[PDB]
Every structure is written in C-alpha cells, then in structure tokens.
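Here is how the chains run, residue by residue.
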Amino acid sequence: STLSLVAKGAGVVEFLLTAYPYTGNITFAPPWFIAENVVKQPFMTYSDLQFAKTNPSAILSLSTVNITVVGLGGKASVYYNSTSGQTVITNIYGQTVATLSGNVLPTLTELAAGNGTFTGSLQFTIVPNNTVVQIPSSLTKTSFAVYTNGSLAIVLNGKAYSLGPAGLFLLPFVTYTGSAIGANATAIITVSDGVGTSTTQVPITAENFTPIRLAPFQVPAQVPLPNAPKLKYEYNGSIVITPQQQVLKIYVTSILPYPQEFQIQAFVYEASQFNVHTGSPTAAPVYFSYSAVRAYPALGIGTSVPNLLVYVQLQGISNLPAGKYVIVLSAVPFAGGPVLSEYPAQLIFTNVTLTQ
Amino acid sequence: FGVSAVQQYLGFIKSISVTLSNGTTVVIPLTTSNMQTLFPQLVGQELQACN
Amino acid sequence: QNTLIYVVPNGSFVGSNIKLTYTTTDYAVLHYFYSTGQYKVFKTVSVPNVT
C-alpha cells in the first residue's frame with residue numbers, strides 16, 4: 001500500500017569548491033565559483049521503494065539522478081537516468097555529450113537514521129578547449145588570438161568528463177567583446193612591424209587563474225569587494241578631475257601571482273551616452289586611451305604588497321571638453337594575456353566631472 | 001551522580017582588535033602579557049541557574 | 001538504575017555525543033529482519049550547536 005513518503009532532507013550543493021587544476025599540482029586551489037542559480041537539493045532516488053513507501057526515517061542510500069551546474073548563459077547536467085539505467089552527461093549547450101553504463105555517480109549515503117543528510121564525493125577538473133577570441137591591433141598595436149578557458153569536467157571514479165566551457169561556469173573570467181577567457185588559455189600574439197607580421201604563442205596555465213581586482217584610491221584595496229558584479233563595478237562616488245591631473249591613481253589587487261604585463265584601457269563616454277542605471281554603454285566611447293602597466297613589485301621583489309598603485313595615463317586629456325562623463329577602466333593584457341577580473345572586471349566611474 | 005567536577009579549559013578570549021580604516025582592518029599583533037593582564041580575573045561567576 | 005552519563009574533556013565538548021544501539025534479545029528477530037535492516041535500531045544524542 002502506497003503510504004506517506006516524507007523527505008526531511010536531501011543532498012547539499014554549495015559553492016567555493018576546492019579547485020583542482022589540470023596541472024599535476026592539484027593541491028593548489030585558485031578561487032573557484034560555481035555561477036548563479038545552483039541551489040542545493042539535487043534529485044535522487046531511494047535505494048528501497050518499500051521502506052520509503054511507509055516512512056524513510058532510517059539509514060538509506062540515495063542514488064543521485066540529478067546534478068546541475070549552472071553558468072552564465074547555460075547549464076550542464078550529470079544525471080543517472082533510471083529509465084535506461086545510464087548516467088547521462090550533458091554540457092552547457094544542453095546537448096547529450098556522454099552516456100555511461102550503470103551508475104558511475106556515487107550513491108549518497110545517509111550519515112544518520114532519519115536525519116536527511118546524504119554524503120558522497122564530487123571531483124572537478126578543467127580540460128582545455130578551442131575558442132578563438134580576436135583582440136584587434138587598432139587598440140593594442142598587436143593582435144591577440146586567444147584560446148579561452150576550456151571546459152569544466154566532472155571527475156567520477158577518477159575519470160574526467162567534460163561539461164561544456166568552464167568560462168561561463170567558473171569565476172574569474174575576462175570579457176573581451178563579450179567573450180570569456182579563463183585559465184588554461186593560449187594567447188597567440190601577432191606582432192605587426194616594419195618587417196611585417198610575426199606570431200608567437202604563450203600558453204596560460206591552470207595556475208595562472210589569478211583573480212585581479214580594480215579599485216578606486218578612496219576605496220579599500222586590502223578588503224575584497226563583495227558588492228561588485230562579475231563584469232563591472234560602478235563607483236557612484238563624485239570625482240572631479242582637476243586640469244592639473246593627467247593620470248588617475250587606482251589600485252590593482254592580486255590574490256594570486258601576476259608575472260605578465262598588461263595595460264589599463266580607459267574608455268570615456270558622455271554622461272548622456274552612458275546608461276548609469278544599467279551600467280551598459282548605449283553608444284561607442286567618445287574617447288579612448290591606454291596606459292601600459294608592466295607588472296613589477298613595488299616593495300620587496302616577489303613578496304611585495306598585493307596592491308599596486310597604477311597611474312592610469314591618458315594620451316591627451318585636453319581632447320575631452322569639460323563636462324560630465326563616465327570613464328570605464330578595463331584590464332587589457334599584453335604578450336600572453338593572463339587571467340584577471342573578478343569583483344570587479346571593469347571599474348566604471350559614472351560621475352566623472354572633467355574641469356579645465 | 002557521585003563525581004565532582006574539575007577544571008575545563010573551555011575557551012580563551014580570541015583577541016582585542018581595533019578598526020582604523022582608511023582601507024586598513026587593523027588586526028592587532030597580540031601581546032601575551034597585555035592580554036593576560038587585561039583579563040586576570042580568576043573568578044567570573046555567572047548569574048542565572050541552568051544558564 | 002536508568003541513568004547513563006557521558007563525560008568528555010574540554011576539547012571534546014563540542015559535539016560530544018552518545019549513540020544508542022538497541023538489539024533484540026531474540027534469535028528469531030535477528031534472523032528474520034537481517035535483510036530489511038530493522039533488527040537493530042540506532043539513534044544519537046549530541047551537544048547542540050547553540051548561539
């Protein structure tokens with residue numbers, strides 16, 4: 001007789017998992033972050049229907065039949081379809097990419113009778129993939145063809161299985177023209193000079209995952225900013241640029257080592273041409289400038305302060321007439337673009353008052 | 001039920017820190033002598049029973 | 001006659017617990033419910049994580 005089925009607990013899915021780099025050095029954990037909309041309580045089936053039919057208030061085993069990892073644009077799944085008795089794995093695109101015989105997913109064993117907490121094991125890794133991102137030479141004088149992050153892969157029983165691009169799943173990522181680049185990247189630098197065209201390759205490792213924070217000088221830089229979206233931080237504080245200033249003092253905070261050089265590009269938009277409510281530019285920048293930041297320690301070499309004082313320069317500040325502006329500072333990397341940019345990815349001063 | 005109680009080393013004052021923030025969460029370097037002498041009281045008695 | 005007492009040192013107070021396992025004093029009950037997993041019953045009492 002079908003009776004009360006009462007579930008007083010289920011599985012728990014959290015964030016900030018222990019990172020396992022694709023390199024042999026697995027015991028290093030760059031800050032990982034499963035993207036938005038992954039809220040616990042997976043779907044899984046009891047190992048005994050008859051006992052659960054009356055009351056599942058005892059020690060039980062729960063075969064996982066749903067694992068969801070949601071990224072920014074899609075979501076991947078690993079579920080033990082009991083209808084066919086097969087473990088089906090689908091990537092972020094929503095297409096079936098793997099079918100495995102039997103239940104390779106571990107069976108979540110309850111910790112106590114009638115408790116509701118079921119424990120197992122879930123491993124993860126990164127398998128690099130191919131996705132070409134082009135950085136034009138019109139803004140950097142050297143083109144960059146970047147192979148992006150790769151693919152997040154669930155590791156079960158010691159075997160990895162891809163779940164689609166990890167760039168949308170994992171944080172940080174670097175957005176160039178809306179394209180996300182993460183660890184295990186590969187930057188082909190195309191240098192154009194009087195001789196002609198030359199190409200070199202710099203591979204980004206899984207240990208060069210490196211979150212990088214851009215902060216205003218009046219905002220603390222040793223304290224991480226939790227109120228900054230993944231793509232940008234809009235500083236609403238009032239800033240008035242004196243005519244004696246051609247450089248903006250900002251802080252670059254590094255949690256992981258940052259050996260390669262980069263630049264800060266400043267895109268100036270008019271206040272009417274920038275929507276401060278949504279933080280998205282409604283038109284092309286009315287001015288552009290760059291400041292090449294060569295990553296060098298300020299204090300002691302290697303063990304310097306994790307904060308670097310960057311004087312973002314402008315190739316002519318007299319070009320912009322006095323008025324109200326919105327200035328976006330974005331980290332554009334040079335010669336083997338490393339990984340950067342979480343909380344925030346860009347620094348948007350929405351209340352710039354240029355006075356000359 | 002017939003057994004007396006003895007000392008239980010069941011905690012310690014974690015720290016005495018001070019915020020001074022132009023960007024600086026000032027974690028005080030903890031000095032042992034100052035810390036023990038700022039809390040030297042041998043008997044902090046409670047007030048309510050069963051609490 | 002009916003009291004059980006568990007005492008733990010200072011370091012083991014956090015989460016100090018007792019697990020009670022009751023077994024039938026009958027051979028038939030052991031034999032006939034070995035597969036169902038309901039011939040011995042276990043439960044736990046622990047120090048709550050209190051604020």
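For this entry, the PDB record names cryo-EM as the structure determination method and reports a resolution of 11.2 Å.

Colleague: How do you make sense of the overall build of chain B when you look at a structure like this?
Modeller: Broken down by element type, chain B carries one helix and zero strands. Relative to a compact globule of 51 residues, whose C-alpha radius of gyration would be 10 Å, chain B shows 17 Å and is clearly more extended. Referenced to the eigenvectors of the C-alpha coordinate spread, the extents of chain B come out at roughly 60 × 25 × 15 Å. When each of the 51 residues of chain B is scored for burial, the buried share is 4%. Of the roughly 5,100 Å² of accessible surface on chain B, a fraction of 60% belongs to carbon and sulfur atoms.

Colleague: Explanation requested: a nonpolar patch on the surface in the structure shown.
Modeller: Residue and element names in this part refer to chain A. On the surface, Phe217, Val247, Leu309 and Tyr311 cluster together to form a nonpolar patch covering roughly 320 Å² of accessible area. Assignment of secondary structure puts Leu309 in strand β26 (residues 307-313). Taking relative accessible area as the criterion, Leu309 reaches 33% and is therefore assigned partly exposed.

Colleague: It is not clear to me how the interface of chain C and chain B should be interpreted in this structure. Could you clarify?
Modeller: In this assembly, six residues from chain C lie in contact with four residues from chain B. Between chain C and chain B lies a buried interface of about 390 Å² when both sides are counted; carbon and sulfur atoms form 64% of it. The interface formed by chain C and chain B includes one residue pair in polar contact. Its residues assigned to classes, the side of chain C that touches chain B shows four nonpolar, two polar and no charged.

Colleague: Just to check I follow, could you spell out the pairing of strand β28 (residues 346-354) of chain A for this structure?
Modeller: In the case of a regular strand, side chains alternate between the two sheet surfaces. Residues and elements named next belong to chain A. Examined bridge by bridge, strand β19 (residues 233-235) and β28 share three bridges and lie parallel to one another. For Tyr233, the partnering residue across the bridge sits in β28 and is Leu347. Taken together, the three bridges between strand β20 (residues 239-241) and β28 define a ladder with parallel strand orientation. Each residue of the ladder has a partner; that of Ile241, found in β28, is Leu354. Strand direction decides the pairing type here: strand β27 (residues 323-333) and β28, joined by seven bridges, are antiparallel. Residue pairing across strands places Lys324 opposite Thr353, the latter belonging to β28.

Colleague: Could you clarify how one ought to interpret unusual backbone geometry in this entry?
Modeller: Excluding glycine, residues mostly have negative phi values, and the peptide bonds linking residues are mostly trans. Note the cis peptide between A:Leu171 and A:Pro172, where omega equals 0°. Secondary-structure assignment places A:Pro172 in the loop between α3 (166-169) and β14 (174-176). The peptide bond linking A:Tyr343 to A:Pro344 adopts the cis configuration, its omega dihedral lying at 0°. Checked against the element boundaries, A:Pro344 lands in the loop between β27 and β28. Backbone geometry places A:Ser341, a non-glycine residue, at a positive phi of 65°. Relative to the helices and strands, A:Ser341 is located in the loop between β27 and β28. We note that B:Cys50 has phi near 60°; this positive angle belongs to a residue other than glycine. Structurally, B:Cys50 is set in the segment after α1 (32-38).

Colleague: Would you take a moment to explain the nonpolar core for this structure?
Modeller: Across soluble globular proteins, you tend to see nonpolar side chains buried next to one another. Judged by nonpolar contacts, the single largest core of 51 residues is most densely connected at A:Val146, A:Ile250, A:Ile264 and A:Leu329. At five residues, β27(A) tops the list of elements feeding residues into this core.

Colleague: Help me out: how do you make sense of the pattern of salt bridges in this one?
Modeller: Pairing is possible between side chains that carry opposite charge, provided their charged atoms lie close to one another. All names here are of chain A. Here the structure, examined in full by the defined rule, presents one salt bridge over all chains. The partner of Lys232 in a salt bridge is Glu234, and the shortest N-O contact between them spans 3.6 Å. Per residue, the accessibility class of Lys232 equals that of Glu234, and both read buried.

Colleague: Which parts of the structure should I look at to understand the side chain of A:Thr350?
Modeller: Residue and element names in this part refer to chain A. Position of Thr350 relative to the elements: it lies in strand β28. The exposure class assigned to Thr350 is buried, which follows from its relative accessible area of 11%. In this structure the side chain of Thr350 is engaged in a polar contact, spanning 3.4 Å, whose partner is the side chain of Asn236.

Each value, and the rule that gives it
Residues numbered from 1 in each chain as written, not as in the entry; some residues may be left out. Chains lettered and ligands numbered in written order. Part of a larger assembly, values for the part shown. Heavy atoms only, no water. Helix = DSSP H or I, 4+ residues; strand = E, 2+ residues; numbered from the N terminus. Rg over C-alpha atoms; globule rule 2.2 N^0.38 Å. Buried < 20%, exposed > 50% of the residue type's maximum accessible area, 1.4 Å probe, protein only. Areas by Shrake-Rupley, 256 points an atom, 1.4 Å probe, with all protein chains shown as cover. Patch = residues over 30% accessible without salt bridge, like charges linked within 9 Å, V, L, I, M, F, W, Y side chains within 5 Å. Salt bridge = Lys/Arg side-chain N within 4 Å of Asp/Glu carboxyl O. Contact = heavy atoms within 4.5 Å. Buried area = accessible area lost by both parts, 1.4 Å probe. Polar contact = N/O pair within 3.5 Å; in protein donor to acceptor, adjacent residues only side chain to side chain. Nonpolar A, V, L, I, M, F, W, Y, C, P; charged D, E, K, R; others polar. Pairing = 2+ DSSP bridges. Core = buried A, V, L, I, M, F, W, Y, C linked by side-chain atoms within 4.5 Å.

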